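Enquirer: data-v7.txt is reproduced in full below (compact mmCIF, C-alpha atoms).
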# COMPACT_ATOMS: atom_id res chain seq x y z
CA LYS A 1 32.72 76.87 6.33
CA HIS A 2 29.12 75.88 5.72
CA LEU A 3 27.31 79.20 5.66
CA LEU A 4 24.02 77.34 5.79
CA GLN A 5 24.96 76.01 9.21
CA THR A 6 23.23 79.19 10.34
CA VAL A 7 20.70 79.74 7.58
CA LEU A 8 19.35 76.35 8.58
CA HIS A 9 18.48 77.77 11.99
CA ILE A 10 17.09 80.85 10.28
CA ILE A 11 14.83 78.94 7.92
CA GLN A 12 13.93 77.06 11.08
CA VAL A 13 12.32 80.00 12.85
CA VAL A 14 10.63 81.50 9.82
CA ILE A 15 9.26 78.12 8.82
CA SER A 16 8.54 77.51 12.48
CA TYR A 17 6.63 80.77 12.34
CA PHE A 18 5.09 80.18 8.94
CA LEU A 19 3.92 76.60 9.34
CA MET A 20 1.95 77.78 12.35
CA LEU A 21 0.00 79.74 9.76
CA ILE A 22 0.10 77.18 6.97
CA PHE A 23 -0.94 74.26 9.13
CA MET A 24 -4.04 76.25 9.97
CA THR A 25 -4.83 76.58 6.29
CA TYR A 26 -3.56 73.18 5.20
CA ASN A 27 -5.21 71.82 8.32
CA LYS A 28 -8.10 70.55 6.23
CA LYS A 29 -10.07 69.05 9.10
Can you give me the file's structure in the form of structure tokens?

Expert:
Amino acid sequence: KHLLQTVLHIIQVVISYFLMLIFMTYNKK
């Protein structure tokens, strides 16, 4: 049941790996 139960963790890394790039851009000192 709940196939997202995992995807959630997946989207976690990616996002956790993307934000690190976004934040830099959306940092807007």

Enquirer: To one decimal place in Å, what is the distance between atom CA of residue A:18 and atom CA of residue A:5?

Expert: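 Calculated distance between atom CA of residue A:18 and atom CA of residue A:5 is 20.3 Å.
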
Enquirer: Would you compute the distance between atom CA of residue A:23 and atom CA of residue A:11? Give it in Å to one decimal.

Expert: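 For atom CA of residue A:23 relative to atom CA of residue A:11, the distance reads 16.5 Å.
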
Enquirer: Please report the interatomic distance between atom CA of residue A:27 and atom CA of residue A:15 in Å with one decimal.

Expert: 15.8 Å

Enquirer: Would you kindly place N, CA, C and O atoms on stretch 6-27 of chain A and return the model as a PDB file, in the frame of the given file?

Expert:
ATOM      1  N   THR A   6      24.030  78.194   9.633  1.00  0.00           N
ATOM      2  CA  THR A   6      23.230  79.190  10.340  1.00  0.00           C
ATOM      3  C   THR A   6      21.871  79.352   9.661  1.00  0.00           C
ATOM      4  O   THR A   6      20.836  79.284  10.321  1.00  0.00           O
ATOM      5  N   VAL A   7      21.916  79.567   8.355  1.00  0.00           N
ATOM      6  CA  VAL A   7      20.700  79.740   7.580  1.00  0.00           C
ATOM      7  C   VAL A   7      19.682  78.673   7.988  1.00  0.00           C
ATOM      8  O   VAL A   7      18.491  78.954   8.105  1.00  0.00           O
ATOM      9  N   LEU A   8      20.192  77.467   8.192  1.00  0.00           N
ATOM     10  CA  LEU A   8      19.350  76.350   8.580  1.00  0.00           C
ATOM     11  C   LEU A   8      18.493  76.762   9.786  1.00  0.00           C
ATOM     12  O   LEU A   8      17.280  76.563   9.788  1.00  0.00           O
ATOM     13  N   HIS A   9      19.163  77.326  10.780  1.00  0.00           N
ATOM     14  CA  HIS A   9      18.480  77.770  11.990  1.00  0.00           C
ATOM     15  C   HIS A   9      17.503  78.889  11.643  1.00  0.00           C
ATOM     16  O   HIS A   9      16.418  78.969  12.217  1.00  0.00           O
ATOM     17  N   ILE A  10      17.922  79.731  10.709  1.00  0.00           N
ATOM     18  CA  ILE A  10      17.090  80.850  10.280  1.00  0.00           C
ATOM     19  C   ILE A  10      15.803  80.311   9.662  1.00  0.00           C
ATOM     20  O   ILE A  10      14.711  80.615  10.137  1.00  0.00           O
ATOM     21  N   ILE A  11      15.971  79.523   8.611  1.00  0.00           N
ATOM     22  CA  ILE A  11      14.830  78.940   7.920  1.00  0.00           C
ATOM     23  C   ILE A  11      13.987  78.151   8.919  1.00  0.00           C
ATOM     24  O   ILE A  11      12.818  77.867   8.659  1.00  0.00           O
ATOM     25  N   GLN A  12      14.608  77.817  10.041  1.00  0.00           N
ATOM     26  CA  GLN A  12      13.930  77.060  11.080  1.00  0.00           C
ATOM     27  C   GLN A  12      12.836  77.919  11.726  1.00  0.00           C
ATOM     28  O   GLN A  12      11.674  77.517  11.775  1.00  0.00           O
ATOM     29  N   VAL A  13      13.248  79.084  12.206  1.00  0.00           N
ATOM     30  CA  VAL A  13      12.320  80.000  12.850  1.00  0.00           C
ATOM     31  C   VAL A  13      11.203  80.357  11.866  1.00  0.00           C
ATOM     32  O   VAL A  13      10.051  79.971  12.064  1.00  0.00           O
ATOM     33  N   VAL A  14      11.582  81.090  10.829  1.00  0.00           N
ATOM     34  CA  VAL A  14      10.630  81.500   9.820  1.00  0.00           C
ATOM     35  C   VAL A  14       9.608  80.383   9.593  1.00  0.00           C
ATOM     36  O   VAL A  14       8.424  80.548   9.881  1.00  0.00           O
ATOM     37  N   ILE A  15      10.108  79.267   9.080  1.00  0.00           N
ATOM     38  CA  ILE A  15       9.260  78.120   8.820  1.00  0.00           C
ATOM     39  C   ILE A  15       8.465  77.775  10.078  1.00  0.00           C
ATOM     40  O   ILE A  15       7.270  77.490  10.008  1.00  0.00           O
ATOM     41  N   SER A  16       9.162  77.811  11.204  1.00  0.00           N
ATOM     42  CA  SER A  16       8.540  77.510  12.480  1.00  0.00           C
ATOM     43  C   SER A  16       7.465  78.547  12.801  1.00  0.00           C
ATOM     44  O   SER A  16       6.581  78.299  13.620  1.00  0.00           O
ATOM     45  N   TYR A  17       7.578  79.690  12.139  1.00  0.00           N
ATOM     46  CA  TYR A  17       6.630  80.770  12.340  1.00  0.00           C
ATOM     47  C   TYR A  17       5.592  80.810  11.219  1.00  0.00           C
ATOM     48  O   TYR A  17       4.505  81.359  11.388  1.00  0.00           O
ATOM     49  N   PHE A  18       5.968  80.222  10.092  1.00  0.00           N
ATOM     50  CA  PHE A  18       5.090  80.180   8.940  1.00  0.00           C
ATOM     51  C   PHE A  18       4.129  78.992   9.018  1.00  0.00           C
ATOM     52  O   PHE A  18       2.917  79.155   8.881  1.00  0.00           O
ATOM     53  N   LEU A  19       4.708  77.822   9.239  1.00  0.00           N
ATOM     54  CA  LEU A  19       3.920  76.600   9.340  1.00  0.00           C
ATOM     55  C   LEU A  19       2.717  76.854  10.250  1.00  0.00           C
ATOM     56  O   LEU A  19       1.592  76.489   9.911  1.00  0.00           O
ATOM     57  N   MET A  20       2.993  77.475  11.387  1.00  0.00           N
ATOM     58  CA  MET A  20       1.950  77.780  12.350  1.00  0.00           C
ATOM     59  C   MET A  20       0.756  78.458  11.666  1.00  0.00           C
ATOM     60  O   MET A  20      -0.359  78.434  12.185  1.00  0.00           O
ATOM     61  N   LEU A  21       1.035  79.050  10.515  1.00  0.00           N
ATOM     62  CA  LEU A  21       0.000  79.740   9.760  1.00  0.00           C
ATOM     63  C   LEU A  21      -0.501  78.818   8.641  1.00  0.00           C
ATOM     64  O   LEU A  21      -1.695  78.784   8.351  1.00  0.00           O
ATOM     65  N   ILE A  22       0.437  78.096   8.045  1.00  0.00           N
ATOM     66  CA  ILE A  22       0.100  77.180   6.970  1.00  0.00           C
ATOM     67  C   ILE A  22      -0.766  76.047   7.517  1.00  0.00           C
ATOM     68  O   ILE A  22      -1.877  75.827   7.040  1.00  0.00           O
ATOM     69  N   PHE A  23      -0.226  75.359   8.513  1.00  0.00           N
ATOM     70  CA  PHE A  23      -0.940  74.260   9.130  1.00  0.00           C
ATOM     71  C   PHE A  23      -2.424  74.587   9.299  1.00  0.00           C
ATOM     72  O   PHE A  23      -3.284  73.757   9.007  1.00  0.00           O
ATOM     73  N   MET A  24      -2.679  75.799   9.765  1.00  0.00           N
ATOM     74  CA  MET A  24      -4.040  76.250   9.970  1.00  0.00           C
ATOM     75  C   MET A  24      -4.848  76.186   8.673  1.00  0.00           C
ATOM     76  O   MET A  24      -6.010  75.786   8.677  1.00  0.00           O
ATOM     77  N   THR A  25      -4.195  76.584   7.591  1.00  0.00           N
ATOM     78  CA  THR A  25      -4.830  76.580   6.290  1.00  0.00           C
ATOM     79  C   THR A  25      -4.856  75.160   5.712  1.00  0.00           C
ATOM     80  O   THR A  25      -5.903  74.674   5.288  1.00  0.00           O
ATOM     81  N   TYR A  26      -3.687  74.535   5.716  1.00  0.00           N
ATOM     82  CA  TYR A  26      -3.560  73.180   5.200  1.00  0.00           C
ATOM     83  C   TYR A  26      -4.070  72.159   6.215  1.00  0.00           C
ATOM     84  O   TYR A  26      -3.908  70.954   6.024  1.00  0.00           O
ATOM     85  N   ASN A  27      -4.678  72.675   7.274  1.00  0.00           N
ATOM     86  CA  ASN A  27      -5.210  71.820   8.320  1.00  0.00           C
ATOM     87  C   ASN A  27      -6.206  70.831   7.706  1.00  0.00           C
ATOM     88  O   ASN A  27      -6.146  69.633   7.979  1.00  0.00           O
TER      89      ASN A  27
END
